[PDB]
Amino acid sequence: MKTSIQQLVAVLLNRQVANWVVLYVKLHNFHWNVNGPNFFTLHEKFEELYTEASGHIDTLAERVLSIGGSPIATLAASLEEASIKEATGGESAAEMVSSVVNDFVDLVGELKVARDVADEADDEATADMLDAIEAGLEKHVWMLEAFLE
């Protein structure tokens, strides 16, 4: 039934499912361990971000289902496929923000590649969803970098 050009979309989608499953916990990590004068601001920011993460996980996985694939749905598989690394446990407040900037920047690059692949498979709906996540990350990136200046 499915061809390789079609299955590559579900694979690229699951790559992001894995990334966001990792980020859901990574952002919780920062939410919990951040400290210093900006504790309240960052504690809140990180909650905002993992809440968004929770939303991406569900939309991405359900888009996979909508095109006939099976979503990554275990921590083992998420760790295996994610390009995003887990927190070290010793990040300073600034390093946490800087880490999110690095991760979001990496995701923006991956999202551009995935969209191109989706577009080539004439799967515009998938490309559009990925674009919405991308646009949001680019906005977060400007704000987080401004914070670090």
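In case it trips you up, residue 1 is the first one in the sequence shown, and so on.
Undergrad: Higher mean Cα B-factor in the deposited model: 5 to 13 or 19 to 27?
TA: Per the deposited B-factors, the answer is 5 to 13.
Undergrad: Which wins on mean Cα temperature factor, 60 to 68 or 83 to 91?
TA: Per the PDB record, 83 to 91.
Undergrad: Tell me which of 117, 100, 49, 42 tops the list for C-alpha B factor in the record.
TA: Out of 117, 100, 49, 42, the record gives the largest C-alpha B-factor to 117.
Undergrad: Sort the modelled residues of this chain by their C-alpha B factor and say whether residue 53 lands in the lowest, middle or highest third.
TA: Within its chain, residue 53 is a lowest-third residue by C-alpha B-factor, going by the deposited values.
Undergrad: Taking the values exactly as deposited, rank residue 133 by C-alpha B-factor within its chain and report the matching third: lowest, middle or highest.
TA: It falls in the middle third of the chain.
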